[PDB]
Structures are given as structure tokens and as C-alpha cells.
>>> print(open('data-v8.csv').read())   # CSV, C-alpha atoms and all ligand atoms
chain,number,residue,atom,x,y,z
H,1,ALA,CA,100.2,87.9,131.9
H,2,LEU,CA,96.7,88.5,130.6
H,3,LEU,CA,94.4,88.2,127.5
H,4,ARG,CA,91.8,90.4,125.7
H,5,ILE,CA,88.5,88.8,124.7
H,6,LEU,CA,86.6,90.4,121.9
H,7,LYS,CA,82.8,89.6,121.5
H,8,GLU,CA,81.4,89.6,118.0
H,9,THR,CA,79.1,92.6,118.5
H,10,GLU,CA,82.3,94.7,118.4
H,11,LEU,CA,83.6,93.2,115.2
H,12,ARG,CA,81.7,94.8,112.3
H,13,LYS,CA,81.2,94.5,108.6
H,14,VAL,CA,83.3,91.4,108.0
H,15,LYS,CA,84.5,90.3,104.5
H,16,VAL,CA,86.9,87.5,103.4
H,17,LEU,CA,90.4,87.9,102.1
H,18,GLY,CA,91.7,84.4,101.6
H,19,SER,CA,91.5,80.7,102.7
H,20,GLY,CA,95.1,79.8,103.7
H,21,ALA,CA,96.2,76.3,104.9
H,22,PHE,CA,96.3,77.4,108.5
H,23,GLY,CA,92.8,78.8,108.1
H,24,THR,CA,90.7,81.7,106.7
H,25,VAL,CA,91.5,85.5,106.8
H,26,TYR,CA,88.9,88.2,106.7
H,27,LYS,CA,88.8,92.0,107.2
H,28,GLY,CA,86.5,94.4,109.1
H,29,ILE,CA,86.0,97.3,111.4
H,30,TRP,CA,86.5,97.0,115.2
H,31,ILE,CA,84.5,99.1,117.6
H,32,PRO,CA,85.7,98.4,121.2
H,33,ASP,CA,83.2,99.3,123.9
H,34,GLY,CA,83.4,102.6,125.7
H,35,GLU,CA,86.0,103.7,123.2
H,36,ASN,CA,84.7,105.8,120.3
H,37,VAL,CA,87.3,104.5,117.9
H,38,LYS,CA,86.7,102.5,114.7
H,39,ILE,CA,89.6,100.2,113.8
H,40,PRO,CA,90.4,98.4,110.5
H,41,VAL,CA,91.4,94.9,111.5
H,42,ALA,CA,92.6,91.6,110.1
H,43,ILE,CA,90.9,88.5,111.5
H,44,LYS,CA,92.3,85.0,111.3
H,45,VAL,CA,90.1,82.0,112.0
H,46,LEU,CA,92.1,78.7,112.1
H,47,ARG,CA,91.0,75.0,111.9
H,48,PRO,CA,94.0,67.2,121.1
H,49,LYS,CA,97.2,68.8,122.5
H,50,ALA,CA,97.4,71.3,119.6
H,51,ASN,CA,94.8,73.5,121.4
H,52,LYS,CA,96.6,73.8,124.7
H,53,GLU,CA,99.5,75.0,122.6
H,54,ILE,CA,97.2,77.9,121.4
H,55,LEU,CA,97.6,79.6,124.9
H,56,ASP,CA,101.3,79.9,125.7
H,57,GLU,CA,101.7,81.0,122.1
H,58,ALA,CA,99.5,84.1,122.1
H,59,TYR,CA,100.0,84.9,125.8
H,60,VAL,CA,103.6,85.9,124.6
H,61,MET,CA,101.6,88.4,122.6
H,62,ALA,CA,101.3,90.4,125.8
H,63,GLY,CA,104.2,92.9,126.2
H,64,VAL,CA,105.8,95.6,124.0
H,65,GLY,CA,105.6,94.7,120.3
H,66,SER,CA,108.4,96.0,118.0
H,67,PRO,CA,107.6,98.6,115.2
H,68,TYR,CA,108.5,95.8,112.8
H,69,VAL,CA,106.4,93.0,114.3
H,70,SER,CA,102.6,92.5,113.8
H,71,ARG,CA,100.9,93.0,117.1
H,72,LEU,CA,97.9,91.0,118.2
H,73,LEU,CA,94.9,92.9,119.6
H,74,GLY,CA,92.9,90.1,121.1
H,75,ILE,CA,90.6,87.2,120.3
H,76,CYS,CA,87.0,86.6,119.4
H,77,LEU,CA,85.7,83.2,120.5
H,78,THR,CA,82.7,82.0,118.8
H,79,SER,CA,82.6,78.3,118.1
H,80,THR,CA,86.0,79.0,116.5
H,81,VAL,CA,89.1,81.0,117.4
H,82,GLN,CA,89.4,84.4,115.7
H,83,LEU,CA,92.7,86.2,116.2
H,84,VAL,CA,92.3,89.9,115.6
H,85,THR,CA,95.1,92.3,114.5
H,86,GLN,CA,95.2,95.8,112.9
H,87,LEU,CA,94.9,95.8,109.1
H,88,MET,CA,98.0,96.5,107.1
H,89,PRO,CA,96.9,98.7,104.2
H,90,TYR,CA,99.3,97.4,101.5
H,91,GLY,CA,98.6,93.7,102.1
H,92,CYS,CA,101.3,91.1,101.9
H,93,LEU,CA,104.9,91.9,100.8
H,94,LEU,CA,105.4,89.1,98.2
H,95,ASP,CA,102.4,90.4,96.3
H,96,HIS,CA,103.8,93.9,96.7
H,97,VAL,CA,107.3,93.1,95.3
H,98,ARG,CA,105.6,91.0,92.5
H,99,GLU,CA,103.3,93.8,91.5
H,100,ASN,CA,106.1,96.3,91.7
H,101,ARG,CA,108.8,94.6,89.7
H,102,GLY,CA,109.1,97.6,87.4
H,103,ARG,CA,109.1,100.6,89.7
H,104,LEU,CA,111.1,99.3,92.7
H,105,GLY,CA,114.5,100.5,93.7
H,106,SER,CA,117.5,99.4,95.8
H,107,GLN,CA,116.9,102.2,98.4
H,108,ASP,CA,113.6,100.5,99.2
H,109,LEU,CA,114.9,96.9,99.0
H,110,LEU,CA,117.7,97.0,101.6
H,111,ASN,CA,115.6,99.3,103.9
H,112,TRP,CA,113.2,96.3,104.3
H,113,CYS,CA,115.8,93.6,104.8
H,114,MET,CA,117.1,95.8,107.7
H,115,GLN,CA,113.5,96.0,109.0
H,116,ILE,CA,112.6,92.3,108.8
H,117,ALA,CA,116.0,91.6,110.4
H,118,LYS,CA,115.3,94.1,113.2
H,119,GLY,CA,111.8,92.6,113.7
H,120,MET,CA,113.4,89.1,114.0
H,121,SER,CA,116.0,90.6,116.3
H,122,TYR,CA,113.1,91.6,118.6
H,123,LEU,CA,111.4,88.2,118.6
H,124,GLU,CA,114.9,86.9,119.2
H,125,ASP,CA,114.8,88.9,122.4
H,126,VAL,CA,111.3,87.9,123.5
H,127,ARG,CA,112.3,84.2,123.2
H,128,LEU,CA,109.7,83.2,120.5
H,129,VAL,CA,110.8,81.2,117.4
H,130,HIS,CA,109.0,82.1,114.2
H,131,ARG,CA,109.1,78.8,112.3
H,132,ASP,CA,107.6,80.1,109.0
H,133,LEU,CA,109.6,83.2,108.1
H,134,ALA,CA,109.1,83.8,104.4
H,135,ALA,CA,108.3,86.8,102.2
H,136,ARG,CA,104.7,85.5,102.2
H,137,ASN,CA,104.5,86.4,105.9
H,138,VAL,CA,105.7,90.0,105.8
H,139,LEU,CA,103.0,92.7,105.6
H,140,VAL,CA,103.2,96.2,104.3
H,141,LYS,CA,102.1,99.0,106.5
H,142,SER,CA,103.5,101.7,104.2
H,143,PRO,CA,105.8,101.8,101.1
H,144,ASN,CA,108.8,102.2,103.6
H,145,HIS,CA,107.7,100.4,106.8
H,146,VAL,CA,107.0,96.6,107.1
H,147,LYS,CA,105.8,94.0,109.7
H,148,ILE,CA,106.5,90.3,110.3
H,149,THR,CA,103.5,88.1,111.1
H,150,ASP,CA,102.2,84.5,111.7
H,151,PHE,CA,104.7,82.6,113.9
H,152,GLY,CA,102.4,79.7,114.8
H,153,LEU,CA,102.4,76.1,113.4
H,154,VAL,CA,104.8,72.1,105.1
H,155,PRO,CA,107.2,74.7,103.5
H,156,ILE,CA,110.5,72.8,103.1
H,157,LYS,CA,112.2,75.3,100.7
H,158,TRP,CA,112.3,78.0,103.3
H,159,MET,CA,113.4,75.6,106.0
H,160,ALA,CA,116.8,74.8,107.5
H,161,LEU,CA,118.3,71.4,107.2
H,162,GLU,CA,117.9,70.3,110.9
H,163,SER,CA,114.4,71.7,110.6
H,164,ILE,CA,113.7,69.2,107.8
H,165,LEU,CA,115.4,66.2,109.3
H,166,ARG,CA,115.4,66.5,113.1
H,167,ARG,CA,112.4,68.9,113.2
H,168,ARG,CA,114.2,71.2,115.6
H,169,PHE,CA,113.8,74.9,115.4
H,170,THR,CA,116.1,77.5,116.9
H,171,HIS,CA,116.6,81.1,116.1
H,172,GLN,CA,119.6,80.0,114.0
H,173,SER,CA,117.1,78.0,111.9
H,174,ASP,CA,115.0,81.1,111.5
H,175,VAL,CA,118.0,82.8,110.0
H,176,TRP,CA,118.1,80.3,107.1
H,177,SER,CA,114.4,81.1,106.5
H,178,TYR,CA,115.5,84.8,106.5
H,179,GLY,CA,118.3,84.2,103.9
H,180,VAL,CA,115.7,82.6,101.6
H,181,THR,CA,113.4,85.7,102.3
H,182,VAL,CA,116.2,88.1,101.2
H,183,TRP,CA,116.8,86.1,98.0
H,184,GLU,CA,113.0,86.1,97.4
H,185,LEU,CA,113.1,89.9,97.5
H,186,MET,CA,116.3,90.4,95.4
H,187,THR,CA,114.7,88.1,92.8
H,188,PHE,CA,111.7,90.4,92.6
H,189,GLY,CA,109.7,87.6,94.2
H,190,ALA,CA,111.0,84.4,92.5
H,191,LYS,CA,110.0,80.9,93.7
H,192,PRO,CA,113.1,79.2,95.3
H,193,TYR,CA,114.3,75.9,93.8
H,194,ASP,CA,111.6,76.1,91.1
H,195,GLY,CA,111.0,72.9,89.3
H,196,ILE,CA,113.3,71.1,91.7
H,197,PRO,CA,110.9,69.0,93.8
H,198,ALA,CA,110.8,69.0,97.6
H,199,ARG,CA,112.1,65.4,98.1
H,200,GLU,CA,115.5,66.0,96.8
H,201,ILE,CA,116.2,69.3,98.6
H,202,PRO,CA,117.8,67.9,101.8
H,203,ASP,CA,119.6,65.2,99.8
H,204,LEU,CA,121.4,67.9,97.7
H,205,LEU,CA,121.6,70.7,100.1
H,206,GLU,CA,124.2,68.3,101.6
H,207,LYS,CA,126.0,68.6,98.3
H,208,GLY,CA,126.6,72.3,99.4
H,209,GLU,CA,124.4,73.3,96.5
H,210,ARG,CA,122.4,76.5,97.0
H,211,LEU,CA,120.2,79.2,95.4
H,212,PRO,CA,121.9,81.2,92.6
H,213,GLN,CA,123.0,84.8,93.1
H,214,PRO,CA,120.1,87.1,92.2
H,215,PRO,CA,120.7,89.1,89.0
H,216,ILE,CA,120.5,92.5,90.7
H,217,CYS,CA,122.9,91.3,93.4
H,218,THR,CA,126.4,92.1,94.4
H,219,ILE,CA,128.7,89.5,96.0
H,220,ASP,CA,128.7,91.6,99.1
H,221,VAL,CA,125.0,91.1,99.4
H,222,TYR,CA,125.2,87.5,98.1
H,223,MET,CA,127.7,86.4,100.8
H,224,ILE,CA,125.1,87.1,103.4
H,225,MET,CA,122.5,84.7,101.9
H,226,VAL,CA,125.1,81.9,101.9
H,227,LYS,CA,126.2,82.8,105.4
H,228,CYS,CA,122.6,82.0,106.5
H,229,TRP,CA,122.7,78.7,104.6
H,230,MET,CA,125.5,77.1,106.5
H,231,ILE,CA,124.8,73.6,107.6
H,232,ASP,CA,126.9,74.3,110.7
H,233,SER,CA,124.1,76.4,112.2
H,234,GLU,CA,126.4,78.0,114.8
H,235,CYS,CA,128.4,79.5,111.9
H,236,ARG,CA,125.2,81.4,110.9
H,237,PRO,CA,125.2,85.1,111.7
H,238,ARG,CA,123.3,86.5,114.8
H,239,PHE,CA,120.3,88.7,113.8
H,240,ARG,CA,121.9,91.7,115.5
H,241,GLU,CA,124.8,91.3,113.0
H,242,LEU,CA,122.3,91.2,110.1
H,243,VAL,CA,120.8,94.5,111.1
H,244,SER,CA,124.1,96.3,111.4
H,245,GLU,CA,125.4,95.1,108.0
H,246,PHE,CA,122.1,95.8,106.3
H,247,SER,CA,122.3,99.3,107.9
H,248,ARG,CA,125.8,99.8,106.3
H,249,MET,CA,124.5,98.9,102.9
H,250,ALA,CA,121.5,101.3,103.2
H,251,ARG,CA,123.8,104.3,103.3
H,252,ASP,CA,125.1,103.6,99.7
H,253,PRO,CA,122.6,101.1,98.2
H,254,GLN,CA,123.6,101.6,94.5
H,255,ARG,CA,127.0,100.3,95.5
H,256,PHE,CA,125.3,97.1,96.7
H,257,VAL,CA,122.2,96.6,94.5
H,258,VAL,CA,122.1,97.4,90.8
H,259,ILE,CA,118.7,98.1,89.2
H,260,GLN,CA,117.8,100.8,86.6
H,261,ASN,CA,116.4,104.4,86.6
H,262,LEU,CA,104.6,102.4,93.2
H,263,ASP,CA,101.1,100.9,93.6
H,264,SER,CA,99.2,98.0,95.2
H,265,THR,CA,96.2,96.1,94.0
H,266,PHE,CA,95.3,95.3,97.5
H,267,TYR,CA,95.4,98.9,98.8
H,268,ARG,CA,93.3,100.0,95.8
H,269,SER,CA,90.8,97.3,96.7
H,270,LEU,CA,90.4,98.8,100.2
H,271,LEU,CA,89.3,102.2,98.9
H,272,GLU,CA,85.6,101.2,99.2
H,273,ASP,CA,83.2,101.1,102.2
H,274,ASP,CA,85.8,101.4,105.0
H,275,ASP,CA,92.6,103.4,107.6
H,276,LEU,CA,94.8,105.7,109.7
H,277,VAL,CA,96.2,106.0,113.3
H,278,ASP,CA,98.2,102.9,114.5
H,279,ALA,CA,96.1,102.3,117.7
H,280,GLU,CA,98.3,100.5,120.2
H,281,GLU,CA,95.9,101.9,123.0
I,301,LIG,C1,95.5,86.1,101.2
I,301,LIG,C2,95.7,85.2,102.5
I,301,LIG,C3,95.5,83.7,102.0
I,301,LIG,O1,94.6,85.5,103.3
I,301,LIG,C4,97.0,85.4,103.2
I,301,LIG,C5,97.2,86.6,104.1
I,301,LIG,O2,97.3,86.4,105.3
I,301,LIG,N1,97.1,87.8,103.4
I,301,LIG,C6,97.5,89.0,104.0
I,301,LIG,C7,96.4,89.5,104.9
I,301,LIG,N2,96.6,90.8,105.4
I,301,LIG,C8,96.5,91.9,104.6
I,301,LIG,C9,96.8,93.0,105.4
I,301,LIG,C10,97.0,92.5,106.7
I,301,LIG,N3,97.3,93.2,107.9
I,301,LIG,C11,97.5,92.4,108.9
I,301,LIG,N4,97.4,91.0,109.0
I,301,LIG,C12,97.1,90.4,107.8
I,301,LIG,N5,97.0,89.0,107.7
I,301,LIG,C13,97.1,88.1,108.8
I,301,LIG,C14,98.0,87.1,108.9
I,301,LIG,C15,98.1,86.3,110.0
I,301,LIG,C16,97.2,86.6,111.1
I,301,LIG,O3,97.3,85.8,112.2
I,301,LIG,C17,98.3,86.0,113.1
I,301,LIG,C18,98.9,84.8,113.6
I,301,LIG,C19,99.8,84.9,114.5
I,301,LIG,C20,100.2,86.1,115.0
I,301,LIG,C21,99.6,87.3,114.5
I,301,LIG,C22,100.1,88.6,115.0
I,301,LIG,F1,99.1,89.4,115.4
I,301,LIG,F2,100.9,88.5,116.0
I,301,LIG,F3,100.8,89.3,114.0
I,301,LIG,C23,98.7,87.2,113.5
I,301,LIG,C24,96.3,87.6,111.0
I,301,LIG,CL1,95.2,88.0,112.3
I,301,LIG,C25,96.3,88.4,109.9
I,301,LIG,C26,96.9,91.1,106.7
>>> encode(input="data-v8.csv", output="C-alpha cells", more="lines below")
Ligand SMILES: CC(C)(O)CC(=O)NCCn1ccc2ncnc(Nc3ccc(Oc4cccc(C(F)(F)F)c4)c(Cl)c3)c21
Amino acid sequence: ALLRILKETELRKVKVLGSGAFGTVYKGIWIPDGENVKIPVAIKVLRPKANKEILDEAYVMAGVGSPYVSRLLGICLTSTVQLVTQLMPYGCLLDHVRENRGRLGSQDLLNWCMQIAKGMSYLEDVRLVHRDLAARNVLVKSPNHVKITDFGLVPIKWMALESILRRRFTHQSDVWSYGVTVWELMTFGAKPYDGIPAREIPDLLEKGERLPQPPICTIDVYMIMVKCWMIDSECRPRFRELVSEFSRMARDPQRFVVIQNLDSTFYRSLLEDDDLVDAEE
């Protein structure tokens, strides 16, 4: 068990991305000492017994990160906590699927759902519950390869039922979140239970009422969303299961997803004043 402290002198040319609820997110170049490398990084800077929680959390970030999980590099401590991670060139996935509504295909779409599921399968192994899984928290490394990030806390509409009412979070409750994430992607980035306000959700989730089958979706794919949305959380599928099935579908996707017959704003924005080799040193 150990931890890597970055001092600001290393962290160079630093510009803002966005002010999220958990805090602010910037970008910049990282020049570790002794190492001649320059590294494009993402820096998060957040905002009594919440702080002590901030240890055991990111200490779990030691170890062998999955190809599909965003891996922490280390921390800059100023008067605030800056978490530093390698920059994903294509920004966030939701934006990506939103911006790509027209061009996208089913080959791409299942390929991801496999990946996210495989990433979640890994965190499942390393005994850390995510709590906020949503399309908003999947980043795009390349048009074919994606990473899950964040895991560290008011989004009810991605939450499980027990998570709402009892405030208990297992890996099974992360599967619900996942289901909603898949729907998100099959809807080309739709907002779940739009117009239906947050108060009523638990109330009428009990009515067994759920998100409607996405247009481009087959029953074979839709069954799995509903599988995740079982109140009886034990009757939800294990992440390993999700990966296997999503692998089946990827070997004939037009049989499972029906579309017709690829750019990023964010990536385009990077092409100025500063993106290669992964750098897991
Ligand atoms: C527009 C907005 C409001 O800023 C939302 C927003 O986050 N937009 C996307 C920002 N973004 C774009 C490329 C990209 N590549 C990588 N990380 C990004 N963002 C990011 C998100 C969460 C972070 O914080 C955590 C917390 C917990 C765990 C980890 C870990 F390292 F394990 F993955 C990182 C950090 Cl450091 C960065 C990236």
C-alpha cells in the first residue's frame, strides 16, 4: 500500500474543462521529475469525516488497473486535493454518443457495453463499489476503447431502489445503474424518465413500471435491461454474465441492434497548444 504525491511544479499549463457538482475539472501537461516524459492529464479538484474517507478510497487505486478502468496517477496537494489522471482524448461518452447520433453503428455500440461491463467486472474483483455508474462517467480513449471513471461520493434516476430508500450500495445495485447506462446508449443518449420528476420514481418503480424499449433495440437486448431492474436484487445478473452475453451479441450485431447504413468536438478542441503513449510507467 502506497501513494504518489505530485508537486505543482510538475503540473504544467493548466486550463479548465468544467465545474461539476463534485468539483472542478482541468487539463494540463505532466512532467514527472527525472523522467523526460510529458503527459496529458486530467486534474480533478473537489470541494469532518468525509476527508478520512478520501484515503481508503484512492489507496485502492494502487494495484493493477483494468484496460477499461480509468487509472489514477497520483495527487497534487495544495490547499486543495487535486487528483491526477491521464487525459482521455475523446472526452466523455455521453457527449460522444450525442454528437455521433447520425454516424454510429451497432458494431460500435455493443462493443462498448461489453467493455463497460468488463470494467465493472474488474472493480467487482477489486472489491470497490462504484455508486455513480452512468454514461456521464464513461470516457473515450479511442473510437473503439472506453474507460469507466469517478467512483467516489443526487442522481436517483440511475440508482437502484434500495439505494434510494435504504441508501445501501452493493455490486448488484451497480448493475441497475449499468442497465440504465445501456439504455442511455441505445437511445443515442436520451435522458431517462424525462419529465417524470424524481419524487415519484421509487413510488412507481414499485408498480413494476420501467424505461421503454429503445427504438433500435431487439427484445434480446431489451430483456437484459429489465434483468438489471429487478427489485429482487439477487435476481439481477452477475457482471461476468453480462460480459459473456454482450460478447455473443458482438459476433452478429445487426441481428441484435438495428440502425441504418465519426467525430468529437472535444478532441477537435485539444488540437491546439498540447496525446499518445498510455504511460502506466
Ligand atoms: C465537463 C466536466 C463537468 O468537467 C465533466 C468531466 O469530467 N468531463 C470529462 C473530463 N475528461 C475528459 C477527458 C478525460 N480523461 C480523463 N478523465 C477525465 N475526467 C475526470 C473525471 C473524474 C476524475 O476524477 C476521478 C475520480 C475518481 C477516480 C478517478 C480515476 F482516476 F480512478 F479514474 C478519477 C478525473 Cl481526475 C478526471 C476526462
>>> residues_around(input="data-v8.csv", residues="range 134-148 of chain H", least_positions_apart="4", cutoff="7 Å", atoms="all atoms listed in the file", output="PyMOL selection string")
chain H and resi 68-70+88-94+108+112+115-116+119+158+177-178+181+184
>>> residues_near_ligand(input="data-v8.csv", ligand="ligand LIG 301 (chain I)", cutoff="7 Å", atoms="all atoms listed in the file", output="ChimeraX atom specification")
/H:17-20,24-25,42-44,61,69-73,83-92,139,148-152
>>> closest_residue(input="data-v8.csv", among="H:216, H:262, H:153, H:1", to="residue 21 in chain H", atoms="only C-alpha atoms")
H:153
>>> atom_distance(input="data-v8.csv", atom1="CA of residue 154 in chain H", atom2="CA of residue 23 in chain H")
14.1 Å
>>> residues_around(input="data-v8.csv", residues="residue 56 in chain H", least_positions_apart="3", cutoff="12 Å", atoms="only C-alpha atoms", output="list in words")
residues 1, 2, 3, 50, 51, 52, 53, 59, 60, 61, 62, 128 and 152 of chain H
>>> closest_residue(input="data-v8.csv", among="H:27, H:13, H:210, H:251", to="residue 106 in chain H", atoms="all atoms listed in the file")
H:251
>>> closest_atom_pairs(input="data-v8.csv", of="range 115-181 of chain H", to="range 185-207 of chain H", cutoff="8 Å", atoms="all atoms listed in the file", output="Markdown table")
| residue | atom | partner | partner_atom | distance |
| --- | --- | --- | --- | --- |
| H:135 | CA | H:185 | CA | 7.4 |
| H:156 | CA | H:198 | CA | 6.7 |
| H:157 | CA | H:192 | CA | 6.7 |
| H:161 | CA | H:202 | CA | 6.5 |
| H:164 | CA | H:202 | CA | 7.4 |
| H:180 | CA | H:192 | CA | 7.6 |
| H:181 | CA | H:185 | CA | 6.4 |
>>> residues_around(input="data-v8.csv", residues="residue 103 in chain H", least_positions_apart="3", cutoff="12 Å", atoms="only C-alpha atoms", output="PDB file with C-alpha atoms, keeping the file's coordinate frame")
ATOM      1  CA  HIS H  96     103.800  93.900  96.700  1.00  0.00           C
ATOM      2  CA  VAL H  97     107.300  93.100  95.300  1.00  0.00           C
ATOM      3  CA  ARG H  98     105.600  91.000  92.500  1.00  0.00           C
ATOM      4  CA  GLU H  99     103.300  93.800  91.500  1.00  0.00           C
ATOM      5  CA  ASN H 100     106.100  96.300  91.700  1.00  0.00           C
ATOM      6  CA  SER H 106     117.500  99.400  95.800  1.00  0.00           C
ATOM      7  CA  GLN H 107     116.900 102.200  98.400  1.00  0.00           C
ATOM      8  CA  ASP H 108     113.600 100.500  99.200  1.00  0.00           C
ATOM      9  CA  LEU H 109     114.900  96.900  99.000  1.00  0.00           C
ATOM     10  CA  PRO H 143     105.800 101.800 101.100  1.00  0.00           C
ATOM     11  CA  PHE H 188     111.700  90.400  92.600  1.00  0.00           C
ATOM     12  CA  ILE H 259     118.700  98.100  89.200  1.00  0.00           C
ATOM     13  CA  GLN H 260     117.800 100.800  86.600  1.00  0.00           C
ATOM     14  CA  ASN H 261     116.400 104.400  86.600  1.00  0.00           C
ATOM     15  CA  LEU H 262     104.600 102.400  93.200  1.00  0.00           C
ATOM     16  CA  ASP H 263     101.100 100.900  93.600  1.00  0.00           C
ATOM     17  CA  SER H 264      99.200  98.000  95.200  1.00  0.00           C
TER      18      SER H 264
END
>>> closest_residue(input="data-v8.csv", among="H:234, H:124, H:281, H:10", to="residue 28 in chain H", atoms="all atoms listed in the file")
H:10
>>> residues_near_point(input="data-v8.csv", point="(91.5, 91.5, 124.5)", cutoff="8 Å", atoms="all atoms listed in the file", output="PyMOL selection string")
chain H and resi 3-6+73-75
